[PDB]
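Below you'll find only one chain, the form deposited in one PDB entry, shown as structure tokens.
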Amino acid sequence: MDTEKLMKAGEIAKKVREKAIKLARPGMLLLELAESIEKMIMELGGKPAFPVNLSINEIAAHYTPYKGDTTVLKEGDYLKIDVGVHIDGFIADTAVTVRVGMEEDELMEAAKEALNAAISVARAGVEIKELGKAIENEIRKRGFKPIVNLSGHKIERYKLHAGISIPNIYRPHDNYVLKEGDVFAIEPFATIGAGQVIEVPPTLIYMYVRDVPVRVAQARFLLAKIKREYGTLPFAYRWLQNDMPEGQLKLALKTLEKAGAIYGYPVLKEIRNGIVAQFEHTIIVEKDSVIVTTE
């Protein structure tokens, strides 16, 4: 298909990912880094497929700063940086952990290694469970635990998560077989904790999921804006902050939520507050090898 796109998106992804790494310095204010990255995506001809995620230490995914966030990077922090950019709808979702002001530690290695292992065996005609088995074994062999309740996702145009998962564990029933042209995001997560993650407030990322009618005026606007500018792809609370004052927006969003026009993606924290590491690449399933659009 338009692999030229998926690839071109991966390309921006990679590139902005690298700079992201470089900007992530101790002292760096979280809100800024977010914006710098997000602004570069665009500046490269890209469009964010979703808010850049900067999850620190025990919080694993779904945390994106906001206008008002005073979080700053302390030396020693395990900053996982997840970036995603789309071109006309083709996604490149790539991620990396960075130990603020220090070198890659054994944990991060476990994750990075897991990813490789998944990648190396991904090819047409193989059950996902093999991937998950590969990932699991590398993280456990080194002493950590793979986050069980977080997984990779199949990707489709203007669809960040198609519906098929590549978990970071081996389950005998994950029998989906890789088909040529399939494009997947493989994302192992590792931790020193229980190996499980749980939803936690606040919720900073939302996704429009259904065109339903809303009674309140602000909501119908918010919604109409959301639908227009964002579409199927996840958006940040932060992005809607310069449209309407906090208290209102808050309501706007909440209302759309109760109605069911957008889904809330809460922040995820390890159940035992165990540091979490992560690495991810987008792969386009070929017949003999896969092709890492983002590395």
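All residue numbers refer to positions in the sequence shown, first residue = 1.
What follows is about the form deposited with a small molecule bound, which we do not show.
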Quiz item: Check 113, 136 and 279: does every one of them have a heavy atom within 4.5 Å of the small molecule in the bound PDB entry?
Solution: no
Self-check item: Interface membership of residue 269, the small molecule in the bound PDB entry, 4.5 Å heavy atom rule
Solution: no
Practice problem: With heavy atoms only and a cut-off of 4.5 Å, decide whether residue 50 touches the small molecule in the bound PDB entry. | Solution: yes
Quiz item: Can residue 117 be called a contact residue for the small molecule in the bound PDB entry at 4.5 Å between heavy atoms?
Solution: no
Quiz item: residue 153 near the small molecule in the bound PDB entry, any heavy atom under 4.5 Å?
Solution: yes
Practice problem: Let me know the one among 169, 98, 107, 205 whose heavy atoms come within 4.5 Å of the small molecule in the bound PDB entry, would you? | Solution: 205
Self-check item: Contact assignment for the small molecule in the bound PDB entry, among 123, 220, 157, 161, heavy atom within 4.5 Å
Solution: 161
Self-check item: Which of 223 to 231, 249 to 257, 50 to 58, 29 to 37 sits within 4.5 Å of the small molecule in the bound PDB entry, heavy atom basis
Solution: 50 to 58
